[PDB]
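K.L.:
Let me give you the structure first, and then I'll get to my questions.
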Amino acid sequence: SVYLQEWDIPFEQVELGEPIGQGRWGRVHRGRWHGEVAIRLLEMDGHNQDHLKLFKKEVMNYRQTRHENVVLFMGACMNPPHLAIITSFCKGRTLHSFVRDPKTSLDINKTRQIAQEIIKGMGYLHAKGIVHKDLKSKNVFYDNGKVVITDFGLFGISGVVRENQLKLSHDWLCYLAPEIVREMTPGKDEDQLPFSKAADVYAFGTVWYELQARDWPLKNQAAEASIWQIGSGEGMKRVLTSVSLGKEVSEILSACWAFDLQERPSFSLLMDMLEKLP
Amino acid sequence: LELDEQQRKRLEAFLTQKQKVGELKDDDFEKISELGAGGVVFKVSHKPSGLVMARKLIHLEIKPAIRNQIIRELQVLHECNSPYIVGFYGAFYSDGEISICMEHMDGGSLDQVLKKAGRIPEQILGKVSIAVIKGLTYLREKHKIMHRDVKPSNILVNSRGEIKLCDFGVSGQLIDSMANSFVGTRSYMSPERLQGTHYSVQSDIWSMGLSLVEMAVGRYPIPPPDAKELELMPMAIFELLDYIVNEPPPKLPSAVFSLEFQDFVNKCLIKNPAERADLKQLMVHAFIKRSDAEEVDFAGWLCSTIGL
Ligand SMILES: CC(=O)Nc1cccc(-n2c(=O)n(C3CC3)c(=O)c3c(Nc4ccc(I)cc4F)n(C)c(=O)c(C)c32)c1
Ligand SMILES: Nc1ncnc2c1ncn2[C@@H]1O[C@H](COP(=O)(O)OP(=O)(O)NP(=O)(O)O)[C@@H](O)[C@H]1O
Ligand SMILES: Nc1ncnc2c1ncn2[C@@H]1O[C@H](COP(=O)(O)OP(=O)(O)NP(=O)(O)O)[C@@H](O)[C@H]1O
Ligand SMILES: [Mg+2]
C-alpha cells in the first residue's frame with residue numbers, strides 16, 4: 236500500500252470530474268489537483284501475487300522522471316484492490332485526430348520538428364531504462380507547438396480487465412513490431428510480449444508514416460490478415476514501395492521498420508537522421 | 009435459383025409469418041437459453057407474437073448518426089430470402105447494442121453437431137455443398153455480395169432438413185466502423201485474403217473447402233495430423249497463418265473417401281484463386297451431381313445423432 240502523501244507534489248485534495256474514455260486499462264477521468272489532472276482508475280484482482288510488489292516498483296520508477304516532452308507523472312495511490320494513477324492533464328488535440336483534420340497544414344518542417352520532440356521524449360525514457368510500451372499517435376498530444384507523450388509504461392501492470400479468443404484492435408496492430416505479433420497467442424497476457432527499446436522505435440516509424448500519409452499504413456483488414464502481413468514483414472515492404480515520399484523520409488521509415496530488431500536505430504541516432512533533412 | 013415449387017411454399021410460409029409483427033423493442037423478448045459466445049446469440053421468446061426467434065447480441069458504444077446509416081444499409085437484408093439463407097426479422101438499436109433477431113435453427117451449428125457426432129459422413133457433406141454453392145450463387149447474382157466469413161459455426165441446421173447460411177457481409181459501412189475485430193485459434197481465411205491483395209468470392213470457396221475437410225475428418229486440419237494420428241482418427245496464431253500461406257494446402261486421406269469427394273475439396277483448396285474452381289465449375293462437378301441425385305433422409309440422421 237502506497238498513498239498520495241509520499242509524493243514530490245504537495246497533496247491536499249483531488250476531485251474527480253467527467254470521464255473522458257474507457258479502455259482495457261481502467262477509466263480515465265478529467266480531474267482537478269489548482270490545475271487539471273488526468274486520473275486513471277484501476278482494479279487489481281492480483282491479490283498480492285507480486286502484482287502490487289511490481290506495481291510499487293514501477294510506480295516508484297516513474298517518480299524519478301521529469302521532461303518537457305513527457306507527461307508529468309504526479310501520484311499513484313493504491314488502496315487495494317482499487318488503484319489510481321494521476322498524471323498531468325494535456326490540453327489540446329491528440330496527434331491522431333490532429334494529423335487527420337483537413338484544416339491542418341503540415342509541411343516538411345512542421346513534420347521534422349514534431350518528430351524531434353517525440354524522439355527527445357522517447358530518448359529520455361530510454362536513458363532512464365523506462366521502456367515505453369504502447370507508443371502510438373493516440374497517446375501523443377499537440378497544443379500549438381507543445382508536444383507531450385502519454386500513458387508510458389502502462390502495459391507493465393497486471394490488473395484485471397474477455398475470453399479465450401484474442402482481443403485486438405486495428406489501430407494498435409499498425410504499431411506492433413513483428414517480434415511481438417509472432418508471439419501473440421490466446422490465453423497469453425500483454426505482459427508476456429517482447430516489448431523492448433526496439434519495439435518502441437518501430438512504433439515511432441508508424442508514427443512517422445502517419446505524419447506523412449495522414450493515415451495508417453494498412454487499410455482496415457481483418458485482424459488475421461494484418462497479423463501475417465506484419466509478422467512476415469511483407470506488409471511493410473509493400474506499403475513502402477506502393478507510395479514514395481522521399482529518399483530521406485523513406486530512409487528513416489525503412490530504418491525504423493527493419494525486420495531484424497537489432498537493425499533498428501537508437502533514438503539518439505534518430506535525432507541526427509532528422510537533422511540531415513529538407 | 010432453380011426454385012422448386014415446395015421452396016416457394018416454405019419461403020411464402022415464412023413471408024406470411026413476416027408481417028405477424030411490425031415493431032421491435034427490448035422488452036418484447038424473453039431470454040429462453042444461451043446458444044453460444046463469439047457477439048453472443050440467445051434463444052428468445054417474442055411476446056407480441058408467438059414466434060420463437062434467435063436474438064444475437066453485439067455490444068457496441070458508438071454515436072447515433074453513424075448508426076442510422078448502418079441500419080439503413082442493414083434493412084436490405086430483409087430483401088434477401090432463400091431456402092439456403094436464414095430468415096431475418098428486423099434490426100433495431102437498444103441499450104448500447106444492436107440486436108439482430110433471426111430464424112431459430114434447432115440443430116445449431118455444424119461445429120456443435122460435429123462435436124456430438126465425432127465425424128460427419130461423406131453423404132451428408134454432399135448435400136451441404138450444394139446448399140452452400142447455391143447460396144453463394146444467389147448472393148452473387150441477385151445482390152452482388154460476397155459472404156466473407158464462411159465457416160462451420162455459421163452453418164445452421166433444423167429438423168425439417170433445411171441448410172442455411174448466416175453472418176454474411178451486407179454492410180460496407182459496418183465493416184469499416186468496427187474498429188475492434190476478434191481473432192481466435194482457428195482461421196478459415198484464404199491465403200490471398202491474408203496477404204491483402206484483391207479478392208472476390210474465390211476466397212469464400214477456399215473457406216468452404218477448408219471447412220469441409222474439418223467436418224469430414226473431425227479435426228481442424230492445420231497443422232496436419234501425423235501418419236499415426238490419422239489412423240487413430242500449442243501454436244501461436246502467426247504460425248498457423250504462415251502455414252496457410254506457405255505450406256501445401258490440407259487434403260483428404262486417400263483410403264476412406266471417394267475420388268469425387270477428394271477431387272472436389274482439392275479444387276476448392278487450390279491456393280491460386282484464379283485456378284481454384286469457381287461456382288460455375290463447382291455446380292457441374294461429379295461430386296455435386298452424385299449428391300444431388302442421392303436419396304438421403306437428412307432429417308432422420310440429424311435427429312438420431314443429436315438425440316432429437
Ligand atoms: C473487418 C471485417 O472483415 N468485418 C466483418 C467481415 C465479415 C462479416 C462481418 N459480419 C459478421 O462477422 N457478423 C457476425 C459476428 C456475427 C455479422 O453478423 C455481420 C452482419 N450481421 C448479419 C447479417 C445477416 C445475417 I442472415 C445475420 C447476421 F448476423 N452484417 C449485416 C454484416 O454486414 C457483416 C459485415 C457481419 C464483419
Ligand atoms: N494525460 C492525458 N491527458 C488527456 N487525455 C488523456 C490523458 N491520458 C489519457 N487520456 C485520454 O483518456 C482516454 C482513455 O485512454 P486509454 O485508456 O489509453 O485509451 P486509448 O489510449 O484510446 N487506447 P487503450 O489504452 O487500449 O484504452 C483517451 O481518450 C486518451 O486520449
Ligand atoms: N441463427 C442461429 N440460430 C441458432 N443457433 C445459432 C444461430 N447463430 C448462432 N448460433 C449458435 O451460437 C454459436 C455462436 O455463434 P457465433 O456468435 O456466430 O460465433 P462464431 O460464428 O463462431 N463467430 P462469428 O461468425 O463472427 O459470429 C454457434 O456456434 C451456434 O451454435
Ligand atoms: Mg491512452
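Chain order of the listed sequences is P and R.
Counting from 236, one number per residue, gives the positions in the first sequence under the numbering used here.
Counting from 9, one number per residue, gives the positions in the second sequence under the numbering used here.
A virtual CB, placed ideally from N, CA and C, is assigned to each residue, including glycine.
1) Please go through the segment 223 to 311 of chain R and give each complete alpha helix (DSSP H) segment of 4 or more residues, from N-terminal end onward.
2) Kindly give me the distance between the Cβ atoms of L218 (chain R) and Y196 (chain R), rounded to whole angstroms, as I take these residues to be in contact under 8 angstroms.
3) Any idea which residues DSSP pairs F376 (chain P) with across the strands?
4) Can you tell me the Cα-Cα spacing of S479 (chain P) and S485 (chain P), whole angstroms?
5) For a test of the three-state rule: what should DSSP assign to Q456 (chain P), helix, strand or coil?
6) Going along chain P, which residues have a C-beta under 8 angstroms from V191 (chain R)?
7) Return no unless some Cβ of chain R is closer than 8 angstroms to the Cβ of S467 (chain P).
8) Taking the alpha carbon of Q464 (chain P) as the point to measure from, which residue in R:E247, R:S299 and R:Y228 has its own alpha carbon closest?
9) Suppose you measure from the CA of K64 (chain R) to the CA of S117 (chain R); what does that come to, to the nearest Å?
10) I'd like to confirm something about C409 (chain P): is its beta-carbon nearer than 7 angstroms to some heavy atom of ligand 2, or not?
11) For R335 (chain P), which residues from the same chain have a beta carbon less than 8 angstroms from its beta carbon, with the 5 sequence-adjacent residues on both sides left out?
12) I want to check one thing, is the minimum distance from the CB of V263 (chain P) to the heavy atoms of ligand 2 below 7 angstroms?
13) Measuring from each Cβ to the nearest heavy atom of ligand 2, keep the ones under 6 angstroms and list them in chain order.
14) Quick one: is the Cβ of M110 (chain R) within less than 7 angstroms of any heavy atom of ligand 3?
15) For the segment 414 to 437 of chain P, which residues have a CB atom closer than 9 angstroms to at least one CB atom of chain R, in sequence order?
16) Give the residues of chain R in contact with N455 (chain P), contact being defined as C-beta atoms less than 7 angstroms apart.
17) Taking Cβ to Cβ, would you say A438 (chain P) is nearer than 8 angstroms to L496 (chain P)?
18) What three-state label does DSSP hand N89 (chain R) in the structure shown?
19) Could you check whether the Cβ of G204 (chain R) sits closer than 8 angstroms to any Cβ belonging to chain P?
20) Assess, as a yes-or-no matter, whether the segment 378 to 395 of chain P is touched by the segment 252 to 264 of chain P under the definition of 3 or more beta carbon pairs within less than 8 angstroms.
21) Report yes or no: is there a C-beta of chain R within less than 8 angstroms of the C-beta of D507 (chain P)?
22) Give a yes or no on whether the minimum CB-CB distance between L133 (chain R) and chain P is below 8 angstroms.
23) What in chain P is Cβ-close to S195 (chain R), meaning under 7 angstroms?
24) Do we get a CB-CB distance below 8 angstroms when we pair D406 (chain P) with the residues of chain R?
25) Using a Cβ-Cβ cut-off of 6 angstroms (strictly less than) and excluding sequence neighbours within five positions of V442 (chain P), which residues of its own chain qualify?
26) Considering just the uninterrupted stretch of the beta strand (DSSP E) at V48 (chain R), what are its terminal residues?
27) Identify, in the order they occur along the chain, each residue of the same chain with its Cβ nearer than 6 angstroms to the Cβ of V294 (chain P), setting aside the five sequence neighbours on each side.
28) Going along chain R in order, which residues have a C-beta closer than 9 angstroms to the C-beta of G470 (chain P)?
29) Roughly how many angstroms separate the alpha carbons of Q299 (chain P) and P242 (chain R), rounded to a whole number?
30) Helix, strand or coil for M279 (chain P) per DSSP?
31) Between the Cα of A490 (chain P) and the Cα atoms of P:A458, P:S461 and P:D435, which residue gives the shortest distance?
32) Name, please, each residue of chain P whose Cβ falls closer than 7 angstroms to the Cβ of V253 (chain R).
33) Need the endpoints of the alpha helix (DSSP H) that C491 (chain P) sits in, please.
34) According to the neighbour-count rule (16 or more other Cβ atoms, all chains shown, within 10 Å of its Cβ), is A301 (chain R) buried or exposed?
35) Compute the minimum distance between the beta carbon of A457 (chain P) and the heavy atoms of ligand 1, and state whether it is under 7 angstroms.
36) The beta strand (DSSP E) spanning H317 (chain P) covers which residue range?
P.N.:
From the atom records:
1) Restricting attention to alpha helix (DSSP H) runs no shorter than 4 residues, the segment 223 to 311 of chain R encloses them at 235 to 240, 245 to 254, 267 to 276, 287 to 291 and 294 to 301, ordered along the chain.
2) Indeed, because the Cβ distance is near 6 angstroms, the residues count as touching under 8 angstroms.
3) According to DSSP, which records beta bridges pairwise, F376 (chain P) is partnered with P:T329 and P:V383.
4) Straight-line spacing of the CA atoms in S479 (chain P) and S485 (chain P) works out to 8 angstroms.
5) Residue state, collapsed to three classes: coil.
6) Within 8 angstroms Cβ-Cβ: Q400, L401, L403, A458, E459 and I462.
7) Yes, contact with chain R.
8) Among R:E247, R:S299 and R:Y228, the Cα nearest to that of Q464 (chain P) belongs to R:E247.
9) Taking the straight line from one Cα to the other gives about 14 angstroms.
10) No.
11) Counting only Cβ-Cβ distances below 8 angstroms, and skipping sequence neighbours, we find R449 and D450.
12) Yes, the Cβ of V263 (chain P) comes within 7 angstroms of a heavy atom of ligand 2.
13) Per the Cβ criterion, the list is P:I255, P:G256, P:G258, P:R259, P:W260, P:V263, P:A273, P:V306, P:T322, P:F324, P:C325, P:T329, P:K373, P:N374, P:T385 and P:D386.
14) Relative to ligand 3, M110 (chain R) has its C-beta within less than 7 angstroms of a heavy atom.
15) Hits within the stretch, in order: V416, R417, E418, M419, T420, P421 and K423.
16) At a C-beta separation below 7 angstroms, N455 (chain P) has these neighbours in chain R: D184.
17) No, the Cβ-Cβ distance between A438 (chain P) and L496 (chain P) is not below 8 angstroms.
18) Here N89 (chain R) carries a coil assignment [DSSP, helix/strand/coil].
19) Answer yes: the Cβ-Cβ gap between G204 (chain R) and chain P drops below 8 angstroms somewhere.
20) Contact between the segment 252 to 264 of chain P and the segment 378 to 395 of chain P is present, with at least three C-beta pairs closer than 8 angstroms.
21) Closer than 8 angstroms: no.
22) Judged by the 8 angstroms Cβ criterion, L133 (chain R) is not in contact with chain P.
23) Within chain P, the residues near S195 (chain R) are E459.
24) Answer yes: the Cβ-Cβ gap between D406 (chain P) and chain R drops below 8 angstroms somewhere.
25) So the list reads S372, once near-sequence residues are dropped.
26) The continuous beta strand (DSSP E) containing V48 (chain R) extends over residues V48 to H54.
27) Only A311 meet the Cβ criterion.
28) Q203 and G204, listed in chain order.
29) Here the C-alpha atom of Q299 (chain P) lies approximately 41 angstroms from the C-alpha atom of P242 (chain R).
30) DSSP places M279 (chain P) in coil when its eight states are reduced to three.
31) Of the listed residues, the one whose Cα sits closest to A490 (chain P) is P:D435.
32) Chain P residues near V253 (chain R): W463.
33) First-last of the alpha helix (DSSP H) with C491 (chain P): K482 to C491.
34) When all chains shown are included, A301 (chain R) counts as exposed.
35) At least one heavy atom of ligand 1 is nearer than 7 angstroms to the Cβ of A457 (chain P), so yes.
36) Run containing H317 (chain P): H317 to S323, per the beta strand (DSSP E) assignment.
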